[PDB]
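Data block for work19.cif (mmCIF, C-alpha atoms; chains and numbers go by the auth columns):
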data_entry
#
loop_
_atom_site.group_PDB
_atom_site.id
_atom_site.type_symbol
_atom_site.label_atom_id
_atom_site.label_comp_id
_atom_site.label_asym_id
_atom_site.label_seq_id
_atom_site.Cartn_x
_atom_site.Cartn_y
_atom_site.Cartn_z
_atom_site.B_iso_or_equiv
_atom_site.auth_seq_id
_atom_site.auth_asym_id
ATOM 1 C CA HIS A 1 -187.144 89.143 -59.280 0.00 1 A
ATOM 2 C CA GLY A 2 -188.536 89.895 -62.740 0.00 2 A
ATOM 3 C CA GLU A 3 -189.764 93.237 -64.084 0.00 3 A
ATOM 4 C CA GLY A 4 -189.124 96.682 -62.613 0.00 4 A
ATOM 5 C CA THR A 5 -189.199 99.695 -64.940 0.00 5 A
ATOM 6 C CA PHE A 6 -189.548 102.305 -62.174 0.00 6 A
ATOM 7 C CA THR A 7 -185.983 103.690 -61.999 0.00 7 A
ATOM 8 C CA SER A 8 -186.433 105.202 -65.483 0.00 8 A
ATOM 9 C CA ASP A 9 -189.330 107.389 -64.312 0.00 9 A
ATOM 10 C CA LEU A 10 -187.852 107.892 -60.823 0.00 10 A
ATOM 11 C CA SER A 11 -184.708 109.482 -62.306 0.00 11 A
ATOM 12 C CA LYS A 12 -186.814 112.079 -64.139 0.00 12 A
ATOM 13 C CA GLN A 13 -189.127 112.662 -61.151 0.00 13 A
ATOM 14 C CA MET A 14 -186.066 113.521 -59.030 0.00 14 A
ATOM 15 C CA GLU A 15 -185.169 116.369 -61.410 0.00 15 A
ATOM 16 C CA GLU A 16 -188.787 117.594 -61.438 0.00 16 A
ATOM 17 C CA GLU A 17 -188.828 117.783 -57.620 0.00 17 A
ATOM 18 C CA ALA A 18 -185.833 120.149 -57.665 0.00 18 A
ATOM 19 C CA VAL A 19 -187.763 122.480 -59.998 0.00 19 A
ATOM 20 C CA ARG A 20 -190.680 122.653 -57.533 0.00 20 A
ATOM 21 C CA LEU A 21 -188.316 123.671 -54.711 0.00 21 A
ATOM 22 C CA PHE A 22 -186.654 126.302 -56.913 0.00 22 A
ATOM 23 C CA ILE A 23 -190.087 127.604 -57.957 0.00 23 A
ATOM 24 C CA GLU A 24 -191.187 127.911 -54.312 0.00 24 A
ATOM 25 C CA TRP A 25 -187.921 129.703 -53.486 0.00 25 A
ATOM 26 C CA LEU A 26 -188.552 132.279 -56.228 0.00 26 A
ATOM 27 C CA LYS A 27 -192.117 132.785 -54.956 0.00 27 A
ATOM 28 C CA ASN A 28 -190.900 133.735 -51.455 0.00 28 A
ATOM 29 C CA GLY A 29 -188.563 136.330 -53.000 0.00 29 A
ATOM 30 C CA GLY A 30 -185.728 134.326 -54.552 0.00 30 A
ATOM 31 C CA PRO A 31 -182.241 135.871 -54.058 0.00 31 A
ATOM 32 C CA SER A 32 -183.745 138.878 -52.246 0.00 32 A
ATOM 33 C CA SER A 33 -185.612 136.749 -49.682 0.00 33 A
ATOM 34 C CA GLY A 34 -182.907 135.831 -47.158 0.00 34 A
ATOM 35 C CA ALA A 35 -182.449 132.091 -47.701 0.00 35 A
ATOM 36 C CA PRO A 36 -180.182 130.499 -50.378 0.00 36 A
ATOM 37 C CA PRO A 37 -181.495 128.857 -53.606 0.00 37 A
ATOM 38 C CA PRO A 38 -182.642 125.190 -53.403 0.00 38 A
ATOM 39 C CA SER A 39 -179.984 123.447 -55.513 0.00 39 A
#
Rewritten as structure tokens:
Amino acid sequence: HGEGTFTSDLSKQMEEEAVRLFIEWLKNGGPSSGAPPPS
């Protein structure tokens, strides 16, 4: 329609979300927890 500069920030946010999952995975025990890494 006109303006829409959201994809720029959305692309970065997507990468940040992956970090949160990885962080949570390490908190539960990481490799020595039982479940695989969130990648």
Name all residues at most 12 Å from residue 23 of chain A (count all atoms listed in the file; drop same-chain ones fewer than 5 positions away) and give them as a list in words.
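Everything that qualifies: residues 16, 17, 18, 28, 29, 30, 37, 38 and 39 of chain A.
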Please determine an axis-aligned box that encloses all atoms of segment 10-27 of chain A listed in the file, with 3 Å added on each side, and express its centre and edge lengths in Å to one decimal as AutoDock Vina command-line options.
--center_x -188.4 --center_y 120.3 --center_z -58.8 --size_x 13.4 --size_y 30.9 --size_z 16.7
Have a look at atom CA of residue 35 of chain A and atom CA of residue 19 of chain A and let me know their distance in Å, one decimal.
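Separation of atom CA of residue 35 of chain A and atom CA of residue 19 of chain A: 16.5 Å.
Rounded to one decimal, atom CA of residue 21 of chain A and atom CA of residue 34 of chain A lie 15.3 Å from each other.
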